[PDB]
There are 2 protein chains.
Amino acid sequence: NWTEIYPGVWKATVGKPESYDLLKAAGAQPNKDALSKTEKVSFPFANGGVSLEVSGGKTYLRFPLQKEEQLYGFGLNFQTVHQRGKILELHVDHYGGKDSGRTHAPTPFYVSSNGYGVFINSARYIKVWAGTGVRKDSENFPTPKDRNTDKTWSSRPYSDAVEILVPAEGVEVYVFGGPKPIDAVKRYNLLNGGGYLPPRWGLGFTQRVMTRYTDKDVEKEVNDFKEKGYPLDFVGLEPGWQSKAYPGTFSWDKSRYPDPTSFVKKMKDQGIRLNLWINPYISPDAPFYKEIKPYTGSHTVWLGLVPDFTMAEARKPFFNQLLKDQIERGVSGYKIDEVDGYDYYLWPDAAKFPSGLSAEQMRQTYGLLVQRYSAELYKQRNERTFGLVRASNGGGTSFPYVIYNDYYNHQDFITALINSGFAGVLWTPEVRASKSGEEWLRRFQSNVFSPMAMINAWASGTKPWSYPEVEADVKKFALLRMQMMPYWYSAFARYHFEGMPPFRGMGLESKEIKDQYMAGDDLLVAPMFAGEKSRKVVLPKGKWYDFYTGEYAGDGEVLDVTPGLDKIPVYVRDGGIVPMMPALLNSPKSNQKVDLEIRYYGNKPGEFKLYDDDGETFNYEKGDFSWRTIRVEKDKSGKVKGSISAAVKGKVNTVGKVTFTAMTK
Amino acid sequence: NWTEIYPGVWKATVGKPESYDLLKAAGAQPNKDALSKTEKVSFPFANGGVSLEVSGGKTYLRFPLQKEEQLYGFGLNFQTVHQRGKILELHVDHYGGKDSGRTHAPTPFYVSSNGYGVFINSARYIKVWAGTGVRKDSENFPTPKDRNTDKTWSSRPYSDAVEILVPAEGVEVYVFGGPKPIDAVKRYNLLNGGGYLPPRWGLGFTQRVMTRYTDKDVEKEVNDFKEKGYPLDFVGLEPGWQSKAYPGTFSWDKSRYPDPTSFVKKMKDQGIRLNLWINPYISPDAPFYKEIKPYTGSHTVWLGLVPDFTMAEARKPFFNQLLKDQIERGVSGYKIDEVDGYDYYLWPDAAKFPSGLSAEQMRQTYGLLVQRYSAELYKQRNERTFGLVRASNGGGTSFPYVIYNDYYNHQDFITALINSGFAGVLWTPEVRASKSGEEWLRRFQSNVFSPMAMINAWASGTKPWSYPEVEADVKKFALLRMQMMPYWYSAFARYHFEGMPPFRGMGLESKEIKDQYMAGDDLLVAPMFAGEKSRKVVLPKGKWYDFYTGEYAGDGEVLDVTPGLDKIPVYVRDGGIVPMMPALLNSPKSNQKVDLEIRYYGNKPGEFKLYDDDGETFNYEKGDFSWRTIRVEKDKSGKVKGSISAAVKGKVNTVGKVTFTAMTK
Ligand SMILES: OC[C@H]1O[C@@H](O)[C@H](O)[C@@H](O)[C@H]1O
Ligand SMILES: OC[C@H]1O[C@@H](O)[C@H](O)[C@@H](O)[C@H]1O
């Protein structure tokens, strides 16, 4: 039976579900308030064809499909966006070069073009046949043909269902109503708690430095950023901050970091936060080793113990060490590495954990656990965090982490960014190295139109200016990222409050689009790749305007575009609005007013909801935030006319002078 | 507890095993007689380290490894021979281009270089970590190192066990003693019933013809073989013999085969047997469709019903039709196609079968079932068969079928032939098409040193002579195949009686050898590949002689060989013997005496056991067979001296005049 638990959200419990699952692993709390405000809509499967069965130790699910229905999701795929006709086993792993279901966030959630979604709340590995099976008792069984004589004989005849096998005696399933595909995604995300509300400093630029950097090396890099006029909010430290790595001590190396408290404070006094690399695997020389040992798995990763983070006895020593030795010195956050795979690095499924949780369910949720309990340390102190994680899953929407990996195909990086929007996670196509200045700038351009603007120089030692043929353009895109901070922050506020993914695929207001994405509500981004002079851009219905010049670009048509090296193709919807702050080098503080230039595109009257609060604490949870409504139009003479709603009494107000600019002459 | 059930064979039952498994699926009967004659040997795991555990619904197995122990097996792999350090999920499938465990015969049997083997008797998909897991409580846990400072830090530290996960509440495990790796393989094979004893006609040449051939077309091809002087024993008919294919009617097409009884008889009267392509998927127009329908799975393959061959009610209509419409007309055997995969063609694991058998266990054993019940039809009539099958598994050693596939990488074809010897199945690297005459001859050369000498022209329409630059050499290798018939037949007799795989890897009397194999007891085959002028050949200790000239080649060393296009590198052990019959075009009948030239290589006194019987019935089961012992030496003057043991009273005797030839001048 399907219990309508929120508007457009239904829940069925099939058989006897396991006591551990994805939502429970994450400790994911629904945002009831936001959910209650969504439209009531009808059950998406109104005409039967749904079958939920327990048998032979497993749970068999079947959901119907109509002809010309297309599917999206099944997690963080890198080479496919359309999922109908695919066969997958959803299984946490480092991405392996093919979309098989093995990936960093193999979210068991899919979305239909008909405007609904389905989430399977199991922490097991899950098999999916997304319209490949052909059933003899199907209402749509194609007529059998003779391959010997009939030219129309087809190797892939019509399949009318999504079939899913969960290896357990039952499962919780959730179905999400529409009417549009994005509505289903938003409800799914809100069931997960909505997206995290990042700190403003998390949307600034981050530089990760080489593994071997000393505190002195870091101080110098910071000084070079300032001297050269490049923005920077947080520096990423790689494994050499620890006295041992692989496996880890979780303590500052005495030689590379003699005085941690002093170093963390100096960087902070200069506006620079720190984010620390960890993997969660415990060295014998870690100060809590003996205490944690009984609460660790049978198998090690890089010879380090694997904590069973489902046990308080493992959590307390691990997270206490992070709290006391780093967070309390001022460390802003973490990069939770290598909680994904490969199978030959992580523990095998044959491993045993002291809680009794299967190693399979541990593999599926390890990332979720480390995100969960690390984030909680920051929430307890009324401070936001923002960091990186190499694995996540269903249940992880609300965590303050962005996914990254060691793969590097640029096209595929963009495709993953698209799919991140169907998967309830954030993904950054990071910049590390490049053969050429061209590739370096192309990668930097797409990166600044993503959740996290980052160069990860852990091995490369690169900086934004390392490629001199393109350094001036790289600088421009770095400063653009800062200038766009109010646009991104408002987008992330929609992620938190309404569950709206800030980066997502097209047609989420015919053929597969793998290389364009929406970035916030107003911008269509169409990246260039190295070696290309031009590309096609498919524009949805409605008028679009050039992001740079403001000129009319097109409407419901395909463009051939030759942008030059200095531009990433970006197009703004009619009436679209991008609030721009000044090109600050550091994110603004909560007590700081910032002027805004409201760049308004096209001729349709536009409306933007600018989010404002202190940008660093959880005070917004008590209602200390505002949405400032901005409206812009051209008057009868063609001159820009704009308004902003008034600041609200008693609320934080960081909006300075506001000027309006009609970008379309 | 380990019950020693035969000499060098032990059985443990862990937990509660499933009532269906591989041995039961195959109906595999042990050859007690042959097994009782093997040496008693000690239990291979004498020092502990074995763990058999049931937990969380699954069976966890761990077997210890010593340092420098190497592993072989885990089924029919195409790119790897050494299996230590590999991670696999054993899963029946068409080979996918990588050794992941997905393959045609994913036999859950492995062999150690220390001289033992292990077989996991489950029809589930099975996970294997062959010395990749590193356990914290291991006796051999490497010392944790610091990757920040230590150059010796290793990403793959020492693992001391094979770990296997079976998804069931228990399992039967079998362990096989040594002392040598081949001894373990032989016992495994004998537990399965030994290899099938093929008919002599099955070791002749087979031509499969284009799908669209009519009976007239086949008659003509047969006449061309005879006219051109090429050998032929059986012709393969492809899907057009059926009135419908994909899915199938299992009845002769009225238009292409008007008079089946007459056609089958004409071909037979000319010495030519027929082997018929089937897949087991049922057309609505098949004459037994209505009867079988309730005993078929929920899902179809190419819109054909999938019989549950575990039910007598499915077996009877299916196999009765084959019996009455084909076997009783004289059809010699079948090619059981497309019982492997891919996942998007075969039924999904979510399918349901009317017997209640999981679709997983069905996938794992479907090939075994169709081999089993088809072979039985022939045994009931006291006639041997020999054919082809695209899937098999543990339990399938005794079946009269050779595996083939639609992959075509030549190197990998040879590697699969090597691995076939560790996997309890036969594999043929078939010939279909080639870009060049060179490739065509190279492929033909390796093929005639394999279980089945075959061109499969189902799509290509090729014949042995299709490439005129190499046609004379192709002919020579075809006639060689016939001349070598007594050598091959004796090798296959060892397969049946002693479990000795007729094709196998090296070191089965340091580094991985993927491109050489032993063919019978005496011949080391080292194939050339197209584009190569020369290759290395690693010779084991002991003297070796050139197969063609008889000259000394080497001893415990590596050769660089430039054979020419007209030769496949083959080397004969010291004292090795190849009995040669004449270059007949058709296999000899049971009532026929055949002269033999005994080609003796080197100088060590040699001994060969020539197997002899009627070559077509199961009378050998009643004791109507003989082993004729042949001994050859050079006398003090350097002249060949040979003997053959006397024919046995009352037994079939096909040996004619016997002459001896010392190949090494
Ligand atoms: O060794 C440090 C590196 O470790 C990798 O696992 C990670 O993906 C890299 O981004 C970097 O952190
Ligand atoms: O359609 C006929 C063909 O079918 C394939 O599945 C098979 O591998 C080929 O060898 C040939 O039999």
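Residues numbered from 1 in each chain as written, not as in the entry; some residues may be left out. Chains lettered and ligands numbered in written order. Heavy atoms only, no water.

- The deposited coordinates, according to the entry record, derive from X-ray crystallography at 2.30 Å resolution.

- Looking at the PDB entry, one finds chain A named Alpha-glucosidase and attributed to Pedobacter saltans.

Focus on the relation of the copies chain A and chain B
Right, so step 1: Rotating chain A by 180 degrees about the axis while translating it 0.0 Å along that axis superimposes it on chain B, leaving an RMSD of 0.0 Å. Both chain copies can therefore be described as sitting about a two-fold axis.
Right, so step 2: Comparing contact sets, 100% of the residues at the interface of chain A also lie at the interface in chain B, consistent with an isologous, same-surface contact. (Least-squares fit on C-alpha atoms. Contact = heavy atoms within 4.5 Å.)

Examining the sheet that holds strand β11 (residues 161-166) of chain A
Backbone-to-backbone hydrogen bonds pair the strands of a sheet. The strands run either parallel or antiparallel.
Residues and elements named next belong to chain A.
Right, so step 1: Taken together, the six strands give an open sheet; going across it, the order is β3-β4-β11-β10-β6-β7, and neighbouring strands pair in mixed fashion. Every other strand in the sheet has two partners, leaving β3 (51-55) and β7 (102-103) as the edge strands with one partner each.
Right, so step 2: The pairing of strand β6 (residues 87-92) with strand β10 (residues 126-130) spans four bridges and is classified as antiparallel. Among the inter-strand pairings, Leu 90 is bridged to a residue of β10, identified as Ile 126. (Pairing = 2+ DSSP bridges. Helix = DSSP H or I, 4+ residues; strand = E, 2+ residues; numbered from the N terminus.)

A look at the environment of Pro 348 of chain B
Right, so step 1: Within the secondary structure, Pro 348 of chain B is located in the loop between β16 (333-336) and α8 (359-380).
Right, so step 2: Taking relative accessible area as the criterion, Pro 348 of chain B reaches 5% and is therefore assigned buried.
Right, so step 3: Other than its neighbours up to four places away in sequence, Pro 348 of chain B contacts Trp 129, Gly 133 and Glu 163 of chain A together with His 299 and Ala 359 of chain B. (Buried < 20%, exposed > 50% of the residue type's maximum accessible area, 1.4 Å probe, protein only.)

So, the site of ligand 1
Residue and element names in this part refer to chain A.
Right, so step 1: Looking at ligand 1, the residues that line it are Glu 238, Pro 239, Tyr 246, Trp 277, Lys 335, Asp 337, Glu 338, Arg 390, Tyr 404, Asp 406, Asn 456 and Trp 458.
Right, so step 2: A distance of 2.9 Å separates an oxygen atom of ligand 1 from a polar atom in the side chain of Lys 335.
Right, so step 3: Take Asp 337: an N or O atom from its side chain is 2.6 Å from an oxygen atom of ligand 1.
Right, so step 4: Coverage of ligand 1 by the protein amounts to 96% of the 310 Å² it exposes when considered alone.
Right, so step 5: For the shell around ligand 1, the residue count by class is five nonpolar, one polar and six charged. (Near = heavy atom within 4 Å. Polar contact = N/O pair within 3.5 Å; in protein donor to acceptor, adjacent residues only side chain to side chain. Areas by Shrake-Rupley, 256 points an atom, 1.4 Å probe, with all protein chains shown as cover. Nonpolar A, V, L, I, M, F, W, Y, C, P; charged D, E, K, R; others polar.)

Some remarks on the pairing of strand β20 (residues 453-456) of chain A
Residue and element names in this part refer to chain A.
Right, so step 1: Of the two faces of β20, the one holding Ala 453 and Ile 455 and the one holding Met 454 and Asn 456 are both buried throughout.
Right, so step 2: Sheet topology places strand β13 (residues 205-208) next to β20; four bridges connect them, and they run parallel. Across the sheet, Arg 208 pairs through a bridge with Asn 456, a residue of β20.

Digging into the pattern of salt bridges
Two side chains with opposite charge may pair up if their charged atoms get near one another.
All names here are of chain B.
Right, so step 1: Under the counting rule described, the total for this entry stands at 84 salt bridges over all chains.
Right, so step 2: Put simply, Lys 244 and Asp 285 hold a salt bridge, and the shortest N to O gap is 2.8 Å. Here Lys 244 is found in the loop between β14 (234-237) and α5 (260-269), whereas its partner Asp 285 is found in the loop between β15 (273-278) and α6 (289-292), with 41 residues between them in sequence.
Right, so step 3: Overall, the relative accessible area of 47% leaves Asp 285 in the partly exposed class.
Right, so step 4: Linking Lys 265 and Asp 269 is a salt bridge whose minimum nitrogen-to-oxygen distance equals 3.5 Å. (Salt bridge = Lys/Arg side-chain N within 4 Å of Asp/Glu carboxyl O.)

Describing the side chain of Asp 522 of chain A
Residues and elements named next belong to chain A.
Right, so step 1: When you line up the elements, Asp 522 lands in the loop between β22 (517-519) and β23 (523-525).
Right, so step 2: Of the polar contacts made by the side chain of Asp 522, one reaches the backbone nitrogen of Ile 577; its length is 3.5 Å.
Right, so step 3: Those residues in contact with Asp 522, other than ones at most four positions away along the chain, are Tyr 487, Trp 544, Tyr 571, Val 572, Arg 573, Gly 576, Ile 577 and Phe 608.

Some words on the site of ligand 2
Residue and element names in this part refer to chain B.
Right, so step 1: Near ligand 2 the following residues occur: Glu 238, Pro 239, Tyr 246, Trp 277, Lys 335, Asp 337, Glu 338, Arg 390, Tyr 404, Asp 406, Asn 456 and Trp 458.
Right, so step 2: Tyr 246 places a side-chain nitrogen or oxygen 2.7 Å from an oxygen atom of ligand 2.
Right, so step 3: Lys 335 is positioned such that a nitrogen or oxygen atom in its side chain is 2.9 Å from an oxygen atom of ligand 2.
Right, so step 4: Protein contact buries 96% of the 310 Å² of open area that ligand 2 shows by itself.
Right, so step 5: Residue classes in the shell around ligand 2 are distributed as five nonpolar, one polar and six charged.

Observations concerning unusual backbone geometry
Right, so step 1: Following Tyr 246 of chain A, the chain continues into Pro 247 of chain A via a peptide bond in cis, with omega recorded as 0 degrees.
Right, so step 2: Here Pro 247 of chain A is to be found in the loop between β14 (234-237) and α5 (260-269).
Right, so step 3: Of note in this structure, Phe 74 of chain B is not a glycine but carries a positive phi near 60 degrees.
Right, so step 4: At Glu 338 of chain B, a residue that is not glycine, the phi angle is positive and equals roughly 60 degrees.
Right, so step 5: Within the secondary structure layout, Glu 338 of chain B lies in the loop between β16 and α8.
Right, so step 6: Exposure remark for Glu 338 of chain B: the relative accessible area of 6% places this residue in the buried category.

Section: the interface of chain A and chain B
Right, so step 1: Counting residues at the interface gives 58 residues for chain A and 58 residues for chain B.
Right, so step 2: With both chains or domains summed, chain A and chain B bury close to 4,700 Å², and 58% of this area falls on carbon and sulfur atoms.
Right, so step 3: It is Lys 136, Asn 148 and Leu 303 of chain A in chain A that bury the most area against chain B; as a group they hold 15% of the surface buried on that side.
Right, so step 4: At the junction of chain A and chain B, the tally comes to four salt bridges.
Right, so step 5: The partner of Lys 127 of chain A in a salt bridge is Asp 349 of chain B, and the shortest N-O contact between them spans 2.9 Å.
Right, so step 6: Sorting the residues of the side of chain A that touches chain B by element identifies β3, β4 (58-64), β10 and β11 of chain A as the ones contributing at least two each. (Buried area = accessible area lost by both parts, 1.4 Å probe.)

Let's talk about helix α3 (residues 181-191) of chain B
All names here are of chain B.
Right, so step 1: With 11 of 11 residues buried, α3 is to be regarded as a mostly interior element.
Right, so step 2: By the burial criterion, the buried members of α3 are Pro 181, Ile 182, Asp 183, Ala 184, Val 185, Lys 186, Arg 187, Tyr 188, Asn 189, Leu 190 and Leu 191.
Right, so step 3: Immediately beyond the C-terminal end of α3, within one or two residues, lies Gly 193, with a positive phi of roughly 105 degrees.

Quick notes on the pairing of strand β31 (residues 606-612) of chain B
Residue and element names in this part refer to chain B.
Right, so step 1: Within β31, five of the seven residues are buried, which leaves it mostly tucked inside the rest of the structure.
Right, so step 2: Pairing of β31 with strand β32 (residues 626-634), which is carried by seven bridges, proceeds in the antiparallel orientation. What sits directly across from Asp 612, in β32, is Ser 626.

Quick look at the packing of aromatic side chains
Right, so step 1: One pass over the structure, following the stated rule, counts 130 aromatic pairs over all chains.
Right, so step 2: Ring centres 5.2 Å apart and planes at 80 degrees place the aromatic pair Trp 10 of chain B and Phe 43 of chain B in the edge-to-face group. Highlighted residues: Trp 10 of chain B in strand β2 (residues 9-15) and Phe 43 of chain B in the loop between α2 (32-36) and β3 (51-55), separated in sequence by 33 residues.
Right, so step 3: For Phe 43 of chain B, a relative accessible area of 22% corresponds to the partly exposed category.
Right, so step 4: Against the face of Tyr 60 of chain A rests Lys 352 of chain B, its NZ or CZ located 5.2 Å from the ring centre. (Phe/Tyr/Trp six-rings, centres within 6.5 Å; stacked < 30°, edge-to-face > 60°. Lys NZ or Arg CZ within 6 Å of the ring centre and 35° of its normal.)

A few points about the side chain of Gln 83 of chain B
Residue and element names in this part refer to chain B.
Right, so step 1: Along the chain, the position of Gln 83 falls in the loop between β5 (71-73) and β6 (87-92).
Right, so step 2: In this structure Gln 83 comes out as buried when scored by relative accessible area, which is 1%.
Right, so step 3: In this structure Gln 83 touches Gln 70, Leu 71, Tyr 72, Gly 73, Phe 74, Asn 77, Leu 88 and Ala 130, once residues within four positions along its chain are discounted.

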